[PDB]
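Engineer:
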Amino acid sequence: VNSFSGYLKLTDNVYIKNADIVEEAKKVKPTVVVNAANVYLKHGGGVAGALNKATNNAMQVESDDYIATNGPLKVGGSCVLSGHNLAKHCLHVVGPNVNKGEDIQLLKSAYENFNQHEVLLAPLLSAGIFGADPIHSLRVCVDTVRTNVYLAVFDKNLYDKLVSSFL
Ligand SMILES: O=C(Nc1ccccc1)Nc1ccc(C(=O)N[C@@H]2c3cccc(O)c3C[C@@H]2C(=O)O)cc1
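Counting in UniProt numbering, the sequence shown runs from 1025 upward without gaps.
#1: Would you decide whether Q1084 is buried or exposed? Buried here means 16 or more other CB atoms lie within 10 Å of its CB.
#2: Please specify which runs of the alpha helix (DSSP H), each continuous and at least 4 residues long, are wholly inside the region 1115–1157, giving them in chain order.
#3: Along the chain, where does the alpha helix (DSSP H) that runs through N1181 open and close?
#4: Would you check if the distance between the CB atom of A1082 and the CB atom of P1147 is smaller than 8 angstroms?
#5: As a quick exercise: from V1025, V1143, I1040, pick the residue whose alpha carbon is nearest that of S1188.
#6: What's the call for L1130, buried or exposed, on a 16-neighbour Cβ count within 10 Å?
#7: By the 10 Å Cβ neighbour count, where 16 or more other Cβ atoms means buried, how is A1092 classified, buried or exposed?
#8: Let me check you understand the geometry: is the CB of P1158 closer than 7 angstroms to at least one non-hydrogen atom of ligand 1?
#9: Under 7 angstroms from any heavy atom of ligand 1, does the C-beta of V1173 make it?
#10: Span of the alpha helix (DSSP H) holding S1087?
#11: I believe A1134 touches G1155 by the beta-carbon criterion, under 8 angstroms. Please report the beta-carbon distance rounded to the nearest angstrom.
#12: Cβ-heavy atom distance between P1120 and ligand 1 below 7 angstroms?
#13: Once you ignore the five residues that flank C1114 on each side, which residues in its own chain have a CB closer than 6 angstroms to its CB?
#14: Would the beta-carbon of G1107 be found less than 7 angstroms away from any heavy atom of ligand 1?
#15: Of all the options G1068, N1109, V1063, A1049, which has the alpha carbon lying nearest to the alpha carbon of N1094?
#16: Pull up the distance between the alpha-carbon of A1078 and that of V1071, whole angstroms please.
#17: Going by DSSP, which residues form a beta bridge with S1027?
Here is the structure:
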C-alpha cells in the first residue's frame, strides 16, 4: 500500500493522474521523483524548470556541481541526485528531444532507467517541450517499465486523450 491518491490504473504496474508533478511531489514526498532532464542538467523549462523552481534553485546548484565533476549525461541515460523538498531522490532521466533531432528509439532506453527503482512519480518522458507524441511515450512506458510508476500529466485535455486512446 502506498500514499498515491486518485490514480487511474492502466496496467498491473502503471498508473496515471491529471496532476501537477510539483504539487504531487510536495504532497506525497515520494522516494523517487523523475525529472525530464537534458544532458547538461540545465533545468530551464518544462517539467525540469518547474521542479527546479520549486526547490528554490537548489536542484540547479547541485546539478551544476554534478556536471562539473562528471560531465554530461547520455541521451537515454540518468543520474540519481537529491530530491530536495520534493522527494527523497530525484532521478534525472534524459529522453530524446525531437526538437533537437534525437533518435526516438532512445525513448525505450530512457524508460529502462525507471526499472532500477521500485516506485516512482514521473512525467511522460520526451513529452511536452521535448516534442515527442505523448501517446507514443505512454505506450513505450507501459511496454518498458516493470516497476510501479505513477504518471502525472499536467494538461487535463491531454490526460483525457491519453486515457481515451489507451490500448
Ligand atoms: O511549474 C509547475 N508547478 C509549480 C512550479 C513552481 C511552483 C509551484 C508550482 N508545474 C509544471 C510546469 C510545466 C510542466 C510541463 O511542462 N508539462 C509538460 C506538458 C504540457 C503540455 C503537454 C505535454 O505533453 C506536456 C509534457 C509535460 C508534462 O505534463 O509532464 C509541468 C508542470
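The beta carbon of each residue, even a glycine, is placed where N, CA and C say it ideally should be.
Structural biologist: Judging by the given coordinates:
#1: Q1084 comes out buried.
#2: DSSP runs (the alpha helix (DSSP H)) wholly in the region 1115–1157: 1130–1136.
#3: Run containing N1181: 1180–1188, per the alpha helix (DSSP H) assignment.
#4: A1082 places its beta carbon 8 angstroms or farther from that of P1147.
#5: If we check each option's Cα against that of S1188, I1040 comes out closest.
#6: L1130 comes out buried.
#7: When all chains shown are included, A1092 counts as exposed.
#8: Between ligand 1 and the CB of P1158, the shortest heavy atom gap is smaller than 7 angstroms.
#9: Not one heavy atom of ligand 1 falls within 7 angstroms of the beta-carbon of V1173.
#10: For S1087, the enclosing alpha helix (DSSP H) begins and ends at 1082–1094.
#11: Rounded to whole angstroms, the Cβ separation of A1134 and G1155 is 14 angstroms, and the two are not in contact under 8 angstroms.
#12: No; taking the cut-off as 7 angstroms, the Cβ of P1120 has no heavy atom of ligand 1 nearer than that.
#13: Closer than 6 angstroms at the Cβ level, and outside the excluded window around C1114, lie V1057, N1059, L1105, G1107.
#14: Not under cutoff, so the answer is no.
#15: For the set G1068, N1109, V1063, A1049, the Cα lying nearest the Cα of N1094 is the one of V1063.
#16: One alpha carbon belongs to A1078, the other to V1071, and they sit about 11 angstroms apart.
#17: Looking at the DSSP assignment, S1027 forms no beta bridge with any residue, so it has no partner.
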